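Enquirer: Just the first chains of my complex for now:
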Amino acid sequence: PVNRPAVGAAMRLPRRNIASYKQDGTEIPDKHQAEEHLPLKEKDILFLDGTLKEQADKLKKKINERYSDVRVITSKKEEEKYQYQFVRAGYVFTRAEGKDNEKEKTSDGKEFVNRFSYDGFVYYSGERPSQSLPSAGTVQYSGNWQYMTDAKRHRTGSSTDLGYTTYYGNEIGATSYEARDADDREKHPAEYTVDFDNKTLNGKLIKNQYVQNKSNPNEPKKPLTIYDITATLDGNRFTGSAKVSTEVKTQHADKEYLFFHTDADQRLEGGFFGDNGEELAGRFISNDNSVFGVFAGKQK
């Protein structure tokens, strides 16, 4: 589950109950809504198989099973940069315009269930698990990552103030595809070093921070490491941890830390794809189920 080897995994957008009445029509006490915090669940990690296209199609299918007539946006445009052959770290989602929220109401018309109609997944996919890996040497990979967070009403004592499209992070999970305060040139790069001598992987899941000069395409990037990855290789898999960088904790306590605050200890799993480990991909989920992340990489 946390440890399951896979050729694909996904997490669906969590949508918390923002209703302020109970099913008996009585007010929820102390100004509270029915569900002010909705963590992710490991049981909700959706495991995938088949080709890259089949896996993506399955997730889009799931979106349309809920609403047949909503438009879907994908990460196809975002992942162009990487020219991945065997892996994906992507997303598929909808804003569900013109759809009412999911509601359940009393006879008198009071809402005791109210959930947003938004929907989406972040996921990784891999094809052709490696049959051979280098017996020696160190190899650099570069790529990207995506993420899906819990839904939480109060992260501190708006969602846009915190760098996300309105509501994301609060009434529904925060996602990489709704991050507004990142460098849209490349919001979420990732870097990895694989030591095939000692059989270790180290990496960084990075956010390129927002830059004021948006007219110069060669404006320098402002990287911020969100997670340090460490892992051990075993066959064509690797297992390890994602740890929130100290820098996030101390210098970004009022923003990034409100979303990325707990490690994923021994809760990161991935593997190599392409017959000779040309690429890699995987996932992690933090100890308190506050973030599900997926990541991918390609040899430099």
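Expert: Structure received. Numbering: from 1, shown residues only, chains lettered A, B, ... in the order given.
Enquirer: neighbours around residue A:203, how many?
Expert: By other CB atoms under 10 Å, 27 other residues sit near residue A:203. Heads up, the C-betas are built off the backbone N, CA and C, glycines and all.
Enquirer: Run through the bridge partners of it.
Expert: Here residue A:203 sits in beta bridges with residue A:192, residue A:229, going by DSSP bridges.
Enquirer: what residues are up against it?
Expert: By CB atoms under 8 Å, 6 or more residues apart in numbering, the residues touching residue A:203 are A:141, A:190-193, A:228-229, A:295, A:297.
Enquirer: what does residue A:100 give?
Expert: Residues in contact with residue A:100 (CB under 8 Å, 6+ apart) are residue A:117.
Enquirer: do residue A:140 as well
Expert: Contacts for residue A:140 (CB under 8 Å, 6+ apart) come out as A:191-194, A:299-300.
Enquirer: Residue A:32: neighbour count?
Expert: Applying other CB under 10 Å, we find 11 residues neighbouring residue A:32.
Enquirer: right, and the pair among the contacts of residue A:140 with maximum separation?
Expert: A:191 and A:299 (12.2 Å; CB to CB).
Enquirer: any shared contact partners between those two?
Expert: Common neighbours of residue A:191 and residue A:299 (CB under 8 Å, 6+ apart) are A:140-141.
Enquirer: Verify the contact between residue A:124 and residue A:284 for me.
Expert: No - Residue A:124 is not in contact with residue A:284 according to CB atoms under 8 Å; the separation is 10.4 Å.
Enquirer: And the helices in the stretch 1-150 of chain A?
Expert: In the stretch 1-150 of chain A, the segments counted as helices under DSSP state H, counting those that start in this stretch are A:52-66, A:76-79.
Enquirer: And for the stretch 151-300 of chain A?
Expert: Remark: helices assigned in the stretch 151-300 of chain A by DSSP H, counting those that start in this stretch are A:246-251.
Enquirer: about what we covered before: adding distance to residue A:133 and neighbour count, write the contacts of residue A:203 out as TSV.
Expert: Formatted as TSV, these follow (distance: CB to CB, whole Å; neighbours: other CB atoms under 10 Å):
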residue	distance to residue A:133	neighbour count
A:141	12	22
A:190	19	24
A:191	19	18
A:192	14	25
A:193	15	14
A:228	23	16
A:229	18	26
A:295	18	28
A:297	14	29
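Enquirer: Might you report the residue contacts of residue A:15?
Expert: Contact analysis of residue A:15 by CB under 8 Å, 6+ apart lists A:38, A:102, A:115-116, A:118, A:151, A:171-173.
Enquirer: add one more, call it chain B:
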Amino acid sequence: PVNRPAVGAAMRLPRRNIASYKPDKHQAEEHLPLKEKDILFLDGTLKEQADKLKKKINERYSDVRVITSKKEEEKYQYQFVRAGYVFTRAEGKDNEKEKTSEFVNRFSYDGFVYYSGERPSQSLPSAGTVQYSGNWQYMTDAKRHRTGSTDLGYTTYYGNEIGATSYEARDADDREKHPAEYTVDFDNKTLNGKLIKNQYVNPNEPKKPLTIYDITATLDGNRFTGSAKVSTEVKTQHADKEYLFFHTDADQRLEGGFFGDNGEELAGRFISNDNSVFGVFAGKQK
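Expert: Next up, chain B placed on what we already have:
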């Protein structure tokens, strides 16, 4: 921000980057001044404010021993104010690192100095002069070379790889390391004071105070704004030690206020002009 009114403020320990990889035997960051933006403003009860600081430490390390200013501040029996600290030596913890493919290396220690106040005074005397006594704390920049840590009166590393602090002062009188004295003129609407170090020297053994800062401020409502100035004594007679830490004034960068019914107590903060020292202070009517 530097001039923002507050009922509590804290500064976190600066930890400079001592990494020596990406020339001339230099480290990545040989001087780390403080920043006015890193002044952490606090609110809520005295307890709430302190707990927030302990929380931030625990957010970095869930399992470290935390040391507080509780024992030190007992003597003052403050009702409404605090000038304290919370810190950890982070025993057995690795430094903060980012790596080769080390271009970042920052110490594992952590801590804050802070002031806190509850119930800002809604009335003050319209006249008369009032004496206050209390204490202060401080946090300095981190600087590899202050001259051409133990010789300079601090626990190892403090002042160099991390900021020097009042709670790592080793050359002071343990009876009361950092007393403060104030006089408030409610006629002329002024505050004058001294932030002092009792130098190392029986409970009635004479003290050897050394004024570190002279404080001046003007009153406005239940607040006061002014300056902290390095003492004549430090600059001229302690050029080879204290002056290496206390060398620049805080001009119009000291802020505090009165707390309690009729200004029984006062507290505040200052930050020197070149961001070399952040100080906090508290006092109680004599």
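Enquirer: now that chain B has been added, could you go back to the contacts of residue A:100?
Expert: Residue A:100 sits next to residue A:117 when contact means CB atoms under 8 Å, 6 or more residues apart in numbering or on different chains.
Enquirer: What's the separation between it and chain B?
Expert: 40 Å (CB to the nearest CB, to the nearest Å).
Enquirer: now do residue A:274
Expert: 22 Å.
Enquirer: so who does the nearest residue to that residue once chain neighbours are set aside touch?
Expert: Closest residue to residue A:274 apart from its sequence neighbours, by CB to CB, 6 or more residues apart in numbering or on different chains: residue A:86 at 4.4 Å. Residue A:86 makes contacts with A:52, A:126-128, A:273-274, A:278-279, as judged by CB under 8 Å, 6+ apart.
Enquirer: Spatially, which two of the residues you listed are the most separated?
Expert: Spatially, the most separated pair among the contacts of residue A:86 is A:52 and A:278, at 14.2 Å (CB to CB).
Enquirer: In chain A, which residue sits nearest chain B?
Expert: In chain A, the residue that lies nearest chain B is residue A:246 (4.5 Å; CB to the nearest CB).
Enquirer: pretty sure residue A:289 is in contact with residue A:148, am I right?
Expert: No - with contact defined as CB under 8 Å, residue A:289 does not reach residue A:148; the gap is 10.7 Å.
Enquirer: what do those two both touch?
Expert: residue A:40.
Enquirer: Looking only at neighbour counts, state which of these two leads.
Expert: Between residue A:289 and residue A:148, counted using other CB atoms under 10 Å in any protein chain shown, residue A:148 has the larger neighbour count: 26 against 20.
Enquirer: Buried residues, stretch A:92-107. List them.
Expert: A:92-96, A:99, A:101 (16 or more other CB atoms under 10 Å in any protein chain shown).
Enquirer: What about those, which are in strands?
Expert: A:92-94 (DSSP state E).
Enquirer: what residues does chain A put near chain B?
Expert: A:140, A:191, A:193, A:202, A:225, A:228, A:245-247, A:249-250, A:253, A:261 (CB under 8 Å from any CB of the partner chain).
Enquirer: Quick check: of the residues you listed, which lies closest to residue A:111?
Expert: Proximity of the residues of chain A next to chain B to residue A:111 (CB to CB) peaks at residue A:261, which lies at 31.0 Å.
Enquirer: quick one: that closest one and residue A:245 touch, right?
Expert: No - Residue A:261 sits out of contact with residue A:245 when judged by CB under 8 Å, with a separation of 11.3 Å.
Enquirer: Settle it for me: which of these two has more neighbours?
Expert: Neighbour totals were compared for residue A:261 and residue A:245, and residue A:245 leads with 23 against 17 (other CB under 10 Å).
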